[PDB]
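Let me begin by presenting the structure, written as structure tokens, before commenting on it.
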Amino acid sequence: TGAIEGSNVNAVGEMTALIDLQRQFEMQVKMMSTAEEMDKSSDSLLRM
Amino acid sequence: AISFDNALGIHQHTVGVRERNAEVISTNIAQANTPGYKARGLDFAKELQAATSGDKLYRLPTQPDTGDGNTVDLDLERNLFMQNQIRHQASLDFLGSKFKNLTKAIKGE
């Protein structure tokens, strides 16, 4: 009694999770870009 | 002898089958993005036999679908369409030369 319990959020734990989520997000975006790049190249097969 | 069948050979039935195959291949390409659509294959040997005198084949996917259910491998469809067009062009040349040779003999020109 006479005290209030705050939150247990570990600020560093969230920040290091953020930077890893950013890098993994960006790497998958590159996978999307190289997927359409391959698709565009494999379109001259029907380009007689 | 001296008949159009014995003269043209199987180059008249083959052309029809090659156009049939192109219709099937183009259908798979168009229906690539439709979920639940299963890729359709065509047996050339059976179709040629049926054409000479006169069932559904599905293509096994190389990899699982991403959830939609469509088993159309657009990388393979383009390759087969390119091959079908080349062999169809040869069949037209083969069949076209049958008529030219027949006309050449009946006129001596």
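Backbone-built Cβ (ideal geometry, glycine too); neighbour counts: all protein chains shown. Derivation of every value follows stated rules applied to the coordinates shown; laboratory data play no part.
Given the structure, is A:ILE4 assigned to a loop (DSSP other than H, G, I, E, B) and out of contact with any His (no Cβ under 6 Å at 6 or more places or on another chain)? I'd like the intermediate steps shown before the answer.
Working: assigned to a loop (DSSP other than H, G, I, E, B): yes; out of contact with any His (no Cβ under 6 Å at 6 or more places or on another chain): yes.
It is true that A:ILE4 is assigned to a loop (DSSP other than H, G, I, E, B) and out of contact with any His (no Cβ under 6 Å at 6 or more places or on another chain).
From (1) within 14 Å of chain A (Cβ to nearest Cβ); (2) more than 30 Å from A:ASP39 (Cα to Cα); (3) of a type in the set (S, T, N, Q), pick out the condition that doesn't hold for B:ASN79.
So the condition that B:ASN79 fails would be (2).
Which ones in the stretch B:82-91 are more than 10 Å from chain A (Cβ to nearest Cβ) and either of a type in the set (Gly, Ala, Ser) or farther than 10 Å from B:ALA22 by Cα (or both)? It would help to see each step written out before you state the result.
Step one: filter the stretch B:82-91 for residues more than 10 Å from chain A (Cβ to nearest Cβ), giving B:84, B:87-88, B:90-91.
Correct list: B:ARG87, B:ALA90, B:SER91.
How about the stretch B:58-85: which of its residues are outside any loop (DSSP other than H, G, I, E, B) and exposed (fewer than 11 other Cβ atoms within 10 Å of the Cβ)?
B:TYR58
Of everything in the stretch A:12-48 that's among the charged types (D, E, K, R) and farther than 21 Å from B:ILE29 by Cα, which residue is nearest to the other protein chains (Cβ to nearest Cβ)? Before you say what the answer is, go through the steps one by one.
At the first step, the residues of the stretch A:12-48 found to be among the charged types (D, E, K, R) are A:14, A:20, A:23, A:26, A:30, A:36-37, A:39-40, A:43, A:47.
Now narrow it down to the ones that are farther than 21 Å from B:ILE29 by Cα: A:14, A:20, A:23, A:26, A:30.
Numbers: A:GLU14: 31, A:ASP20: 25, A:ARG23: 24, A:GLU26: 22, A:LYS30: 19 Å.
Among those residues, the one meeting the criterion is A:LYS30.
Counting only residues that are surrounded by fewer than 10 Cβ atoms within 10 Å (Cβ to Cβ) and part of a helix (DSSP H, G or I), which one in the stretch A:39-48 is farthest from the chain's Cα centre (by Cα)?
Only one residue tops the list, namely A:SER41.
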